[PDB]
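# Results of the structural survey
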Amino acid sequence: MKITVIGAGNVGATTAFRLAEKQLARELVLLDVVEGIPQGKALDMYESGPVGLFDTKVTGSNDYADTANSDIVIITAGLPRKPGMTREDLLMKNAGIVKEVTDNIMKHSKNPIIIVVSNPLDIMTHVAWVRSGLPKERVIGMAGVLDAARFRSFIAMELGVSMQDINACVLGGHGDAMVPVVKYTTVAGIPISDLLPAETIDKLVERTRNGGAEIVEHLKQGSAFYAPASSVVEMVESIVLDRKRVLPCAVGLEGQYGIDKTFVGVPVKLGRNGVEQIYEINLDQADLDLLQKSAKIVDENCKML
Amino acid sequence: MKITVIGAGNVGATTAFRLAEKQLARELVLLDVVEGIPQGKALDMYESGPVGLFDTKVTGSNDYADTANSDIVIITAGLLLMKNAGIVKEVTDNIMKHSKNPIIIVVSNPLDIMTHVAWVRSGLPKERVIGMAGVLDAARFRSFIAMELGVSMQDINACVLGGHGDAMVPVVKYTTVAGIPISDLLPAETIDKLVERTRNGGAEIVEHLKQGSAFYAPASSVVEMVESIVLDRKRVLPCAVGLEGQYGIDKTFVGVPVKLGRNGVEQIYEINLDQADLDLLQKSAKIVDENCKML
Amino acid sequence: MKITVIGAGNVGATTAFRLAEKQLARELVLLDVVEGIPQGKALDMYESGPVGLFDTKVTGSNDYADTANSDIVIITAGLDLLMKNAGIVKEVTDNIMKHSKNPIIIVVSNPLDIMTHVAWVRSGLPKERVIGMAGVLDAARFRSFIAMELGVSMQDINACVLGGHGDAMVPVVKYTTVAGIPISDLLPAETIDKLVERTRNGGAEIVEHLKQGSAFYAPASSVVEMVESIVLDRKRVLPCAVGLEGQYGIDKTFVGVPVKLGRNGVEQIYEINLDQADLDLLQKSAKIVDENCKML
Amino acid sequence: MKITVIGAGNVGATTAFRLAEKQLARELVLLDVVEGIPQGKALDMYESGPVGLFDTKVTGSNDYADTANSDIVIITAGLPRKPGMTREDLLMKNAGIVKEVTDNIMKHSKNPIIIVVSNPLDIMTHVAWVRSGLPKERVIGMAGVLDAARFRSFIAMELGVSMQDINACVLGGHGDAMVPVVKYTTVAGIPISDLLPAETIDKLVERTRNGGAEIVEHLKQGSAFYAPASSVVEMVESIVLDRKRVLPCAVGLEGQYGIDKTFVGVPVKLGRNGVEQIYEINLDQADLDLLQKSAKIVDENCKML
Ligand SMILES: NC(=O)c1ccc[n+]([C@@H]2O[C@H](COP(=O)([O-])OP(=O)(O)OC[C@H]3O[C@@H](n4cnc5c(N)ncnc54)[C@H](O)[C@@H]3O)[C@@H](O)[C@H]2O)c1
Ligand SMILES: NC(=O)c1ccc[n+]([C@@H]2O[C@H](COP(=O)([O-])OP(=O)(O)OC[C@H]3O[C@@H](n4cnc5c(N)ncnc54)[C@H](O)[C@@H]3O)[C@@H](O)[C@H]2O)c1
Ligand SMILES: NC(=O)c1ccc[n+]([C@@H]2O[C@H](COP(=O)([O-])OP(=O)(O)OC[C@H]3O[C@@H](n4cnc5c(N)ncnc54)[C@H](O)[C@@H]3O)[C@@H](O)[C@H]2O)c1
Ligand SMILES: NC(=O)c1ccc[n+]([C@@H]2O[C@H](COP(=O)([O-])OP(=O)(O)OC[C@H]3O[C@@H](n4cnc5c(N)ncnc54)[C@H](O)[C@@H]3O)[C@@H](O)[C@H]2O)c1
């Protein structure tokens with residue numbers, strides 16, 4: 001198992017390190033455009049192996065040749081969104097980044113599984129997909145796991161119960177595009193609406209909606225990376241160990257939810273072959289409406305490309 | 001078990017995060033002098049819990065009141081001797097105002113010297129104030145040998161005494177692969193380079209990073225020490241501790257093998273060093289000693 | 001942290017070994033009434049330490065003095081079945097209390113609900129510190145069968161199971177899900193019924209295969225999950241056997257319900273909204289558990 | 001990765017369970033001749049996955065068809081030295097068991113790595129090897145790791161130091177055939193001769209020599225299985241994760257230590273290809289003599305087979 005992580009920033013490096021430690025791959029390549037950084041971090045990670053008890057070969061590079069024949073490729077290239085940036089501005093920029101990166105990895109890696117993390121997630125996962133030339137089942141984006149994670153931690157603070165016993169159902173994208181399904185959000189199998197007032201739930205849902213902005217507001221510069229990295233790894237783990245986890249990821253639909261082709265966040269079974277099954281849950285009218293509406297917006301922006 | 005990490009920078013946050021998922025403490029508090037950074041990083045970590053499967057209560061803060069009654073305090077605060085000494089001095093006086101008997105692990109460079117500063121400020125028995133350094137050097141020495149011989153790092157033991165760089169004293173006779181001395185597996189010339197690369201290991205990362213320093217190995221090294229103490233494992237690890245004669249060195253803090261348990265330093269090991277290594281070790285001790293004097 | 005495991009049999013030893021590796025205690029004492037068995041198994045476990053990378057001090061013994069001041073004590077001692085095991089749990093508990101003043105006691109010995117009650121009254125401890133393992137295991141089985149049916153990770157399946165073992169077991173279907181999705185949404189009524197039934201007879205299914213003895217790997221893992229919540233103060237919400245004081249219309253009786261496990265033991269008892277059939281099933285059982293206890 | 005464990009007894013089952021939890025294989029098969037036991041134990045293991053957090057498909061069987069195409073096969077079949085068995089008697093019985101099993105697995109698996117645990121180890125590993133018809137590099141036995149593990153635990157009790165910082169060099173076989181190399185037995189790199197008196201060291205070496213008997217002495221019936229299981233898994237892990245661990249194992253030599261084709265316990269580097277390197281350590285005259293001497297014993301026993 002060989003894994004390549006494109007982008008040696010906060011999210012890419014944190015992800016590479018976690019992957020190295022869990023020994024999910026014998027070879028891990030950390031690539032970036034800037035010379036130095038990937039070489040440095042990768043070496044720093046490897047040098048921790050004596051203590052972490054892992055022999056994962058972690059190397060840094062600036063040459064896509066080193067990524068040759070990767071079984072899985074994680075794209076975290078780009079840059080968050082400096083304060084004051086425009087939606088369309090970031091879209092064009094990152095669309096370029098993701099396209100360049102994707103064309104490059106396909107030049108040295110055929111049939112890999114691509115996991116996209118770059119923002120705007122839904123569109124970028126689409127972009128990566130179209131450039132990859134692979135079946136949609138091999139290109140997936142990380143977003144829902146992270147939103148579900150924040151949602152769960154907030155519910156945990158509210159009730160004082162372990163986060164391991166909380167399920168948060170989150171479909172769609174981020175911000176107004178996020179579609180949290182309170183109906184399938186449980187605590188030990190019990191729906192949260194059975195336990196908490198609608199008013200409290202609304203607050204938890206909104207904090208989840210702007211969860212990233214909350215981190216940003218504290219860090220002053222940059223953005224969240226521990227939860228995002230952990231989330232990326234959970235997906236990578238299901239694929240490497242063929243666990244068949246059911247996680248909300250950005251995948252290309254083909255009819256489900258009255259949506260076609262567009263990349264939308266939905267519960268899917270992840271295995272060694274990528275998206276092995278897409279679940280179409282019984283959303284309420286409003287949620288299903290928001291989901292179709294947001295997917296339509298994505299469809300538009302994808303034409304702008 | 002309540003652990004407090006001072007300094008929410010690269011090593012401190014990386015450490016707190018590893019600490020959080022290993023569930024070595026029920027309460028973990030990240031403190032920094034800058035507002036927002038610790039609160040933000042701590043939240044990011046906590047939000048990782050649903051996925052990392054841990055419930056550790058990680059909180060960020062700028063108020064030492066939140067560090068009250070800490071069992072272990074890790075000081076990673078710092079930007080050199082003069083500036084970090086003031087920082088370590090300020091941090092130590094603050095933690096002691098809210099924690100009466102913690103075990104303090106210092107990582108702020110210059111290590112041996114800073115460890116000494118924290119020790120004197122804390123007013124604690126030297127068995128409860130140690131510095132991290134040797135574990136990291138040993139880890140680097142180990143990864144290089146692993147690259148050289150193509151074997152698992154888990155089966156390599158690297159003995160490293162002294163401080164960093166020139167003051168570092170790797171003991172070749174006690175450096176092995178599956179119990180076999182390296183001088184039995186490699187040309188004395190290759191052993192010299194591996195040794196030198198270990199001496200300049202920290203600078204090798206810096207050069208690559210261009211900004212800041214290494215933190216993944218340093219963080220992992222710190223946690224191994226924390227774990228031995230928390231789980232009372234009695235690991236034998238080289239750390240910076242106050243000597244009382246061993247190696248012909250007294251008072252000064254120096255990197256030597258020690259048995260780490262729930263009570264901190266429960267034993268200092270004095271290994272038979274040859275003339276060359278003992279000379280170096282002592283030489284460095286006096287250097288560390290002059291600096292502490294001028295402080 | 002000092003944990004004592006009573007009964008060095010299949011469940012007790014498997015539990016001790018798991019505990020030793022996870023390093024949830026500095027001291028782990030395996031005690032049995034049979035000479036040599038615990039000493040041997042504990043030594044074998046300790047010798048695994050260089051490989052499992054743990055330094056947990058696991059020791060075997062036939063002397064309760066070695067269990068002194070234990071924070072947590074796990075009772076797996078047991079070989080009519082009601083009377084014999086009741087005698088054993090009685091003897092074990094009284095012995096435990098002569099050397100430990102305030103431990104958290106986790107009972108595993110069958111018949112669970114009842115043995116948990118026995119241990120509780122003999123211990124003289126607050127009921128929040130005496131619990132029995134049962135629901136976690138039934139739920140684990142219920143979850144493993146669903147995974148076989150749907151081909152999904154067991155980590156994303158939540159099975160709600162209240163009550164005791166066998167016909168006393170009350171699996172709540174509406175609170176059993178896959179990624180938050182009710183199984184009734186994913187499986188036919190018939191398939192769900194068979195899975196529920198296989199869960200009811202889960203224990204006998206293993207026994208039938210082993211001829212002698214019963215399951216121990218899932219039972220041990222289940223116990224450890226409970227111990228971990230307490231040791232690490234995780235506040236997990238797990239179905240365990242505990243003494244009720246009105247919840248579900250049941251009083252005094254020990255029965256399996258969801259509880260919040262923390263460093264202080266049972267920190268909260270959850271009373272979920274059961275449908276009429278399940279609520280009556282739960283109450284029926286509890287009354288049976290209550291009769292047996294009265295006769296003891 | 002598919003792994004088969006022949007024998008559902010204490011060491012076989014304990015090994016299967018550990019393998020399942022570590023997720024070292026997506027498929028684990030437990031086979032035995034007795035109907036029931038393997039099915040029951042295997043089901044019990046799988047039913048713990050919801051709690052152990054693994055999805056390893058663990059199945060029990062009495063049909064070698066199920067072991068089809070196993071990447072690794074672990075032989076733990078047998079039932080050695082009763083309270084008065086003959087070294088000869090045990091040798092013949094287990095020799096037939098190991099061959100019957102090896103022939104069976106080769107009919108359903110063509111290029112699997114075989115790891116033997118059945119006693120007498122060195123001899124049974126030789127048997128399995130000849131039958132398998134595979135290169136000697138893919139047939140190894142477990143013995144040195146266990147003796148080394150015991151040796152370390154004893155040194156730990158003696159000095160009050162973590163077992164993780166103790167290295168124990170043990171070559172050869174068990175009992176009289178065991179060749180502990182005090183010279184390469186360390187604590188944080190320090191030779192134990194630098195730390196303990198020759199008198200204490202000898203006591204430690206002899207306890208290691210009769211370590212299995214000490215367990216038997218307490219259990220009254222059967223024998224050790226936790227340490228043995230853990231040892232087998234450490235080897236399996238190095239192979240699966242291609243860690244390149246250096247562990248004392250029973251492998252077919254080809255010259256080193258002045259020993260030819262016989263299986264002897266020596267430090268070897270284990271990777272995905274099995275025995276990737278045999279280390280010939282600088283033993284002292286006495287130890288070197290014991291090694292060749294015992295090796296001869298083995299040759300004599302294999303001859304009359
Ligand atoms: N999926 C989510 O919900 C989620 C969560 C967090 C962050 N993100 C997004 O992930 C990205 C990375 O976040 P970060 O915090 O790690 O950022 P960062 O700025 O720390 O790191 C990005 C890295 O990308 C590299 N890079 C830029 N252009 C490149 C190119 N053409 N090729 C190769 N490498 C290139 C940079 O040099 C940099 O090291 C951002 O776009 C951010 O908005 C998404
Ligand atoms: N012991 C070793 O072998 C070793 C290895 C690596 C780094 N280090 C040292 O550790 C320190 C931290 O390294 P880093 O990479 O994390 O640095 P960094 O620059 O990323 O972070 C340092 C953090 O300290 C904080 N800080 C400064 N003054 C403070 C004060 N008075 N109180 C509380 N917080 C304060 C900053 O605001 C910053 O967030 C440095 O001194 C470095 O040289 C030692
Ligand atoms: N709660 C559950 O869901 C669950 C699951 C599995 C097993 N169990 C029950 O747990 C018990 C143990 O199961 P097992 O498979 O380990 O059995 P086992 O027969 O393997 O072991 C029982 C051990 O108890 C010891 N013992 C007997 N009397 C004792 C006494 N007075 N004091 C101390 N030790 C004594 C024996 O000597 C023996 O080593 C049984 O009663 C069984 O039915 C309950
Ligand atoms: N390598 C070491 O240092 C070491 C350590 C411990 C045990 N061992 C050896 O490992 C073996 C197993 O130990 P155990 O404690 O698990 O014993 P055990 O008696 O509990 O189990 C042996 C299992 O082998 C099965 N079996 C017998 N003949 C078989 C055949 N032809 N095919 C398939 N299965 C068969 C039995 O039915 C039984 O379940 C013994 O030979 C023992 O001496 C070696």
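Per the deposition metadata, X-ray crystallography was the technique used to determine this entry, at a resolution of 2.00 Å.

### With respect to a nonpolar patch on the surface
All names here are of chain A. A cluster of nonpolar side chains, namely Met92, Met304 and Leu305, defines an oily patch on the protein surface of about 260 Å² accessible area. In this fold, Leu305 is placed in the segment after helix 11 (285-303). Looking at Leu305, the relative accessible area reads 36%, which means it is partly exposed.

### Thoughts on the domain arrangement of chain B
All names here are of chain B. Looking at chain B, the domain boundaries give domain 1 (1-133) and domain 2 (134-294). Here domain 1 and domain 2 have C-alpha centroids that lie 22 Å from each other. On the side of domain 2, 38 residues touch domain 1, which itself brings 31 residues to the contact. Of the roughly 2,900 Å² buried at the junction of domain 1 and domain 2 (both faces included), carbon and sulfur atoms supply 75%. When the buried area of domain 1 at its contact with domain 2 is split by residue, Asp112, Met132 and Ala133 rank highest and sum to 22% of it. Summed over the shared surface of domain 1 and domain 2, the result is one salt bridge.

### A closer look at the sheet that holds strand 12 (residues 245-254) of chain A
All names here are of chain A. Spatially, 3-2-1-4-5-6-12-13-14 is the arrangement adopted by the nine strands of the open sheet, whose pairing is mixed. On the outer flanks of this sheet lie strand 3 (57-61) and strand 14 (274-278), each paired with one strand and no other. The mean inter-strand angle of the sheet, taken between neighbouring strand axes irrespective of direction, is 30°. Strands in contact with helix 2 (residues 37-46) are strand 2 (27-31) and strand 3; relative to strand 3, the strand with the most contacts, it is inclined by about 170°.

### Notes on the interface of chain D and chain B
Counting residues at the interface gives 22 residues for chain D, matched by 23 residues for chain B. A combined buried area of about 1,900 Å² lies between chain D and chain B, and 50% of that area is made up of carbon and sulfur atoms. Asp155 of chain B serves as the salt-bridge partner of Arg245 of chain D, at 2.9 Å between the closest nitrogen and oxygen. When contributions to the side of chain D that touches chain B are tallied by element, the ones reaching two or more residues are strand 11 (190-191) and strand 12 (245-252) of chain D.

### Digging into the packing of aromatic side chains
Inspection of the entire model under this criterion finds twelve aromatic pairs over all chains. Ring centres of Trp129 of chain A and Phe263 of chain A lie 5.7 Å apart, and the angle between their planes is 45°; this geometry places the pair in the tilted category. With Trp129 of chain A in helix 5 (residues 121-132) and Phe263 of chain A in strand 13 (residues 260-271), this pair connects stretches of sequence that are 134 residues apart. By way of ring pairs, the aromatic residues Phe17 of chain A together with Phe215 and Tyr216 of chain B are connected into one cluster.

### Focus on the site of ligand 2
Residues and elements named next belong to chain B. What surrounds ligand 2 is a group of 25 residues, the closest being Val11, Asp32, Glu90, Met132 and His164. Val107 is positioned with one of its backbone polar atoms (N or O) 3.1 Å from a nitrogen atom of ligand 2. At a separation of 2.7 Å, an oxygen atom of ligand 2 approaches a polar side-chain atom of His164. Protein contacts shield 82% of the accessible area of ligand 2, which totals 880 Å² for the unbound molecule. At the level of elements, helix 1 (10-22) and helix 4 (81-96) are the ones that each hand at least two residues to the shell around ligand 2. Ranked by residue count, the leading element in the shell around ligand 2 is helix 4, at four residues.

### Looking at the sheet that holds strand 7 (residues 166-167) of chain D
Residue and element names in this part refer to chain D. Strand order in the open sheet formed by three strands is 7-10-11, with antiparallel pairing between adjacent strands. If you trace the sheet from one side to the other, it starts and ends with strand 7 and strand 11, each paired once. Both strand 7 and strand 10 (residues 186-187) contribute to a ladder of two bridges, which runs antiparallel. If you follow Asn167 over to strand 10, its bridge partner there is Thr186.

### Comments concerning the nonpolar core
The nonpolar side chains of soluble globular proteins are, as a tendency, buried together. Residues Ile74 of chain C together with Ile74 and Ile115 of chain D are the most contacted members of the largest nonpolar core, which totals 160 residues. Excluding residues within four positions of it along the chain, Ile74 of chain D makes contact with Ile3, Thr4, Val5, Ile6, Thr15, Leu19, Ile115, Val117, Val232 and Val236 of chain D. Ranked by size, the runner-up nonpolar core spans 138 residues in total, among them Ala16 of chain A together with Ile74, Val256 and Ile268 of chain B.

### A look at unusual backbone geometry
The peptide bond linking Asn119 of chain A to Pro120 of chain A adopts the cis configuration, its omega dihedral lying at 0°. The step from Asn109 of chain B to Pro110 of chain B runs through a cis peptide bond, and the omega angle for that step is 0°. Within the secondary structure, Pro110 of chain B is located in the loop between strand 5 (103-106) and helix 5 (111-122). Non-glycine residue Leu53 of chain C carries a positive phi angle of around 65°.

### Description of the interface of chain B and chain A
Facing the 49 residues of chain B at the interface are 49 residues of chain A. Carbon and sulfur atoms make up 62% of the area that chain B and chain A hide from each other, which totals about 4,000 Å². Together, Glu47, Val51 and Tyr216 of chain B form the three largest contributors to the area buried by chain B at its contact with chain A, with a combined 18%. Here chain B is connected to chain A by six salt bridges. Measuring nitrogen to oxygen at the nearest pair gives 2.6 Å for the salt bridge that ties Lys220 of chain A to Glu35 of chain B. Where chain B packs against chain A, one counts 22 residue pairs in polar contact. When contributions to the side of chain B that touches chain A are tallied by element, the ones reaching two or more residues are helix 1, helix 2 (37-46), helix 3 (49-52), helix 6 (134-149), helix 8 (201-209) and helix 9 (216-230) of chain B. Looking at the side of chain B that touches chain A residue by residue, the classes come out as 23 nonpolar, 13 polar and 13 charged.

### Section: the UniProt feature "active site" in chain B
Residues and elements named next belong to chain B. If you check UniProt for "active site", the listed places come out as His164 in our numbering. Following the sequence through the fold, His164 ends up in the loop between strand 8 (160-162) and strand 9 (168-170). Classification of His164 as partly exposed rests on a relative accessible area of 34%. With residues near it in sequence (within four places) discarded, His164 still touches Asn109, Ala133 and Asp137.

### So, the domain arrangement of chain A
Interface extent is often summarised as the accessible area lost during association of the parts. Residues and elements named next belong to chain A. Domain assignment breaks chain A into domain 1 (1-143) and domain 2 (144-305). The straight-line distance from the C-alpha centre of domain 1 to that of domain 2 is 21 Å. Taken together, the 36 residues of domain 1 in the interface contact 42 residues of domain 2. With both chains or domains summed, domain 1 and domain 2 bury close to 3,200 Å², and 73% of this area falls on carbon and sulfur atoms. The largest share of the area that domain 1 buries against domain 2 comes from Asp122, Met142 and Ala143, three residues that together contribute 20% of it. The interface formed by domain 1 and domain 2 includes one salt bridge. Residue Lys136 is joined to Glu254 by a salt bridge in which the shortest nitrogen-to-oxygen separation is 3.2 Å. Between the two partners, domain 1 and domain 2, sit seven residue pairs in polar contact. Of all the elements in the fold, those that place two or more residues in the side of domain 1 that touches domain 2 are helix 1 (10-21), strand 4 (72-75), helix 4 (87-108), strand 5 (113-116), helix 5 and strand 6 (139-142).

Rules of the game
- Residues numbered from 1 in each chain as written, not as in the entry; some residues may be left out.
- Chains lettered and ligands numbered in written order.
- Heavy atoms only, no water.
- Patch = residues over 30% accessible without salt bridge, like charges linked within 9 Å, V, L, I, M, F, W, Y side chains within 5 Å.
- Areas by Shrake-Rupley, 256 points an atom, 1.4 Å probe, with all protein chains shown as cover.
- Salt bridge = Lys/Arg side-chain N within 4 Å of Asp/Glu carboxyl O.
- Helix = DSSP H or I, 4+ residues; strand = E, 2+ residues; numbered from the N terminus.
- Buried < 20%, exposed > 50% of the residue type's maximum accessible area, 1.4 Å probe, protein only.
- Domains from an automatic or database assignment.
- Contact = heavy atoms within 4.5 Å.
- Buried area = accessible area lost by both parts, 1.4 Å probe.
- Pairing = 2+ DSSP bridges.
- Axes fitted to C-alpha atoms, helices over the stretch in contact; angles between N-to-C directions.
- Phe/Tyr/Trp six-rings, centres within 6.5 Å; stacked < 30°, edge-to-face > 60°.
- Near = heavy atom within 4 Å.
- Polar contact = N/O pair within 3.5 Å; in protein donor to acceptor, adjacent residues only side chain to side chain.
- Core = buried A, V, L, I, M, F, W, Y, C linked by side-chain atoms within 4.5 Å.
- Nonpolar A, V, L, I, M, F, W, Y, C, P; charged D, E, K, R; others polar.
- UniProt positions renumbered as here; feature names shortened; annotations may be inferred.

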